[PDB]
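**Q** Can you keep this structure in mind? I'll have questions shortly.
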Amino acid sequence: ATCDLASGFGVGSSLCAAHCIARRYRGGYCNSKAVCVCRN
């Protein structure tokens with residue numbers, strides 16, 4: 001869920017990043033703490 005990857009399998013939900021985009025943020029990279037630090 002979210003941007004959790006753990007060992008590895010592919011890409012997470014990416015909802016967090018998209019959510020940021022659909023607001024004002026340019027995007028957001030999913031850091032390895034499922035924080036998905038977005039950026040304007």
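Following the order of the structure tokens, first chain is A, next is B, and so on, with residues numbered from 1 inside each chain and ligands from 1 in the order they appear.
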Find the spatial neighbours of stretch 5-17 of chain A, counting only C-alpha atoms, within a cut-off of 8 Å - ignore same-chain residues fewer than 3 positions away - and output them as a PyMOL selection string.

**A** chain A and resi 1-2+20-21+27-30+32+36+38

**Q** Export C-alpha atoms of the chosen residues as a short mmCIF file (atom, residue, chain, number, x, y, z; two decimals), in the first residue's frame?

**A**
data_model
loop_
_atom_site.label_atom_id
_atom_site.label_comp_id
_atom_site.auth_asym_id
_atom_site.auth_seq_id
_atom_site.Cartn_x
_atom_site.Cartn_y
_atom_site.Cartn_z
CA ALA A 1 0.00 0.00 0.00
CA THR A 2 1.05 3.60 -0.63
CA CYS A 20 -0.03 15.79 -4.99
CA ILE A 21 0.02 16.39 -8.74
CA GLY A 27 5.00 15.36 -8.25
CA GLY A 28 6.52 13.37 -5.43
CA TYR A 29 9.17 10.70 -5.04
CA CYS A 30 8.32 7.77 -2.82
CA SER A 32 11.76 4.30 1.52
CA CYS A 36 6.22 9.89 -0.72
CA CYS A 38 5.99 15.45 -2.74
#

**Q** Quick check for you: according to DSSP on this backbone, which residues of chain A are classed as strand (DSSP E or B)? Reply as a PyMOL selection string.

**A** chain A and resi 27-28+38-39

**Q** Name the residues of chain A that come out as alpha helix (DSSP H) in a backbone DSSP run; write them as a list in words.

**A**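 Assigned to alpha helix (DSSP H), within chain A: residues 15, 16, 17, 18, 19, 20 and 21 of chain A.
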